[PDB]
Amino acid sequence: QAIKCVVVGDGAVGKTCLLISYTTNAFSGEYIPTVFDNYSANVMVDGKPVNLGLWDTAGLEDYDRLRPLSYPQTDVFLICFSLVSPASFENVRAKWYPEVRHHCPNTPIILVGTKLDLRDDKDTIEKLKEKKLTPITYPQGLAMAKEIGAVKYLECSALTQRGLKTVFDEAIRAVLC
Amino acid sequence: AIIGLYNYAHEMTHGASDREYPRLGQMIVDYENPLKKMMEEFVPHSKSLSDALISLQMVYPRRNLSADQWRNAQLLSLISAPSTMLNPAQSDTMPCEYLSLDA
Amino acid sequence: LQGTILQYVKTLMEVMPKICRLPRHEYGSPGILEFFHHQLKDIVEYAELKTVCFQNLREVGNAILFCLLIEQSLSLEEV
Amino acid sequence: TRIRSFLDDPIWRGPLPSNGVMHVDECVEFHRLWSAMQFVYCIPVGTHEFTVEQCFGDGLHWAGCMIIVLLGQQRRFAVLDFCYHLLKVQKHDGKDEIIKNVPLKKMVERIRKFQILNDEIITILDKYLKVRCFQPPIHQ
Ligand SMILES: Nc1nc2c(ncn2[C@@H]2O[C@H](COP(=O)(O)OP(=O)(O)OP(=O)(O)O)[C@@H](O)[C@H]2O)c(=O)[nH]1
Ligand SMILES: [Mg+2]
């Protein structure tokens, strides 16, 4: 009935905002780096009560030594990468997956994609074209998820809440099963 | 010693031993190792005793957790989840929650 | 209380973190100290706190202490 | 009572709690600001600068405790405090490291001394000065 879910990812990707929106259905625009945040949520999965232990982790490079404090006894990993930043797309495979394997070799990973609403927005797409970069697409996400071994890759936006519940619905199922 | 003295005094004063004396004496002379005799006297009641005992598998093991588990679960903390401070704490088995552990 | 202290309290409230929850014991004392320092870093760098507000607070505490001590002395004299 | 009456600005107490019982996470209450002050001036200063006690002594602590008591937040301040939680965690684990040029053992000892002082001050203030019913859930 107790689940310890730890959310990791590159800085400025929406992890804290994602968790806040899921837990309280509230969204904010201001960006505030986080060190430690804990959120508790109760959900009904397959008619079985479950307590979700959500652990936010800092994505900044100046907290690597301070990150693994939340890893032990974790049930499911949640790696989040922004859909409008190929930098995080590469950084995922670069650091997050190997670090999780080093500190947790037998834990499921649920790859996630943030900023879905900005995937097709205009201003962001021309701004990204200015740098010769393109938004991440579904085939690339699936390819990376199957390369690293993630059992399920999904989309979600903290603003429109599209595909918000499913993210955590699959993670509880990953541990239960 | 007490039982024998009382029985002897009663017999001397009335000429007959106490009416309930023989059964008490039999019980006393039978119960020198009460557990050893109950392990044989409780055989007919073994089924019911085991049925009653096995029902504690859902309460006792979860109530004997170490301090580390309690700290992890943040047991007995009102401020752990402020959004649910008005929610009345409840469980399907309320009496078992506060049932004595030594019992 | 309604003057300099009020303005300083109002100014300090804005820079305070919007939300701050006590971390769990799993992180440990060093991580908790680092988190508290980072959250309250802006307050530490503030300089006028230790020269005006503190001074004003000292002024309001000495006044009340003098009031308390004067009363005790008066009571002793009366006795 | 007069000093308490002088406190009328809403900033002292802040808005009503969202959960309808009390503030826990939000720092809209003066007690959190006092806790931040305690945290900042509890840091061991260098050898070429004065400490809080040398310049202000106990007047600052007395004023802060009086304000907190008159605002009726002594229990909330005791329960909610960064220094107290840090000291409790340090006692539970017992670790000492130089975290950002700040010794841990000395800082927690100073916190211990300051809370000892604050408890006495608050007790004295309370000794000189001396409900809300909630509804149960309804079936749907
Ligand atoms: N428009 C829009 N903005 C979003 C969305 N998700 C997140 N953001 C914004 O993206 C910014 C960064 O997201 P955060 O979650 O705050 O960053 P973080 O994941 O906490 O990063 P670290 O604190 O460094 O670990 C914030 O300004 C969010 O409001 C989304 O779906 N749509
Ligand atoms: Mg964050």
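Residues numbered from 1 in each chain as written, not as in the entry; some residues may be left out. Chains lettered and ligands numbered in written order. Part of a larger assembly, values for the part shown. Heavy atoms only, no water.

The name the PDB entry gives chain D is Cytoplasmic FMR1-interacting protein 1, with Homo sapiens as the organism.

The name that the PDB entry assigns to chain B is Nck-associated protein 1, with the source organism given as Homo sapiens.

Asker: Outline the pairing of strand β2 (residues 36–45) of chain A, listing residues and values.
Answerer: Residues and elements named next belong to chain A. Sheet analysis places β2 next to strand β3 (residues 48–57), joined by 10 bridges and oriented antiparallel. Of the residues in β3, the one forming a bridge with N38 is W55. Turn length for the β2-β3 hairpin, with the two strands adjacent in sequence and antiparallel, is two residues, and the turn residue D46 shows positive phi of about 55°. (Pairing = 2+ DSSP bridges. Helix = DSSP H or I, 4+ residues; strand = E, 2+ residues; numbered from the N terminus.)

Asker: Lay out the interface of chain D and chain C with the relevant residues and their values.
Answerer: If you look at the interface, chain D gives 48 residues, while chain C gives 40 residues. A buried area of about 4200 Å², summed over both sides, lies between chain D and chain C, and 80% of it is on carbon and sulfur atoms. Across the pair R21 of chain C and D25 of chain D runs a salt bridge, and its minimum N-O distance is 3.2 Å. Scanning the region where chain D abuts chain C turns up nine residue pairs in polar contact. Listed by contribution, the elements that provide at least two residues to the side of chain D that touches chain C are α1 (2–6), α2 (30–41), α4 (59–70), α6 (82–93) and α7 (104–129) of chain D. With nine residues, α2 of chain D is the single largest residue contributor to the side of chain D that touches chain C. For the side of chain D that touches chain C, the per-class residue count stands at 33 nonpolar, four polar and 11 charged. (Contact = heavy atoms within 4.5 Å. Buried area = accessible area lost by both parts, 1.4 Å probe. Salt bridge = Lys/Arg side-chain N within 4 Å of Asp/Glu carboxyl O. Polar contact = N/O pair within 3.5 Å; in protein donor to acceptor, adjacent residues only side chain to side chain. Nonpolar A, V, L, I, M, F, W, Y, C, P; charged D, E, K, R; others polar.)

Asker: Residue-level account of the environment of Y22 of chain A, with values.
Answerer: All names here are of chain A. By secondary structure assignment, the location of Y22 is in helix α1 (residues 15–24). Separated by 19 residues in sequence, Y22 and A41 have C-alpha atoms that sit 8.9 Å apart. When residues no more than four places from it in sequence are discounted, the contact partners of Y22 are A41, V43, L164, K165 and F168.

Asker: Describe empty space enclosed by the protein, listing the residues and the values that go with them.
Answerer: Residue and element names in this part refer to chain A. Empty space within the largest cavity amounts to approximately 70 Å³. Around the largest cavity, the lining residues are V35, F36, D56, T57, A58, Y63, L66, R67, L69 and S70. For the lining of the largest cavity, the per-class residue count stands at six nonpolar, two polar and two charged. (1 Å grid on protein atoms, 1.4 Å probe; cavity = no way out; pocket = protein on both sides within 12 Å on 5 of 7 lines; lining within 4 Å. Points joined across faces, edges and corners; volume = space filled by probe spheres on them.)

Asker: Break down the coordination of the magnesium ion (ligand 2) for me, with residues and values.
Answerer: Residue and element names in this part refer to chain A. The magnesium ion (ligand 2) binds to the protein through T16 (OG1) and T34 (OG1), with metal-donor distances spanning 2.4 to 2.7 Å. One end of the pair, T16, is in helix α1; the other, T34, is in the loop between α1 and β2, and 18 residues separate them in sequence. Its relative accessible area of 14% is what places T34 among the buried residues. (Donors = N, O, S within 2.8 Å, 3.2 Å for Na, K, Ca; no water. Buried < 20%, exposed > 50% of the residue type's maximum accessible area, 1.4 Å probe, protein only.)

Asker: I'd love a proper account of the environment of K129 of chain A, names of residues and values included.
Answerer: Among the structural elements, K129 of chain A can be located in helix α3 (residues 122–129). A polar side-chain atom of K129 of chain A sits 3.3 Å from a polar atom in the side chain of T134 of chain A.

Asker: Account for the site of ligand 1, with residues named and values stated.
Answerer: Residues and elements named next belong to chain A. In the neighbourhood of ligand 1, 23 residues make up the surrounding shell, with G14, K15, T16, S28 and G29 lying closest. A distance of 3.4 Å separates an oxygen atom of ligand 1 from a polar backbone atom of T34. For ligand 1, the accessible surface in isolation is 650 Å², of which the surrounding protein chains cover 90%. Looking at the shell around ligand 1, the element that brings in the most residues is α1, giving three residues. When its residues are assigned to classes, the shell around ligand 1 shows nine nonpolar, 10 polar and four charged. (Near = heavy atom within 4 Å. Areas by Shrake-Rupley, 256 points an atom, 1.4 Å probe, with all protein chains shown as cover.)

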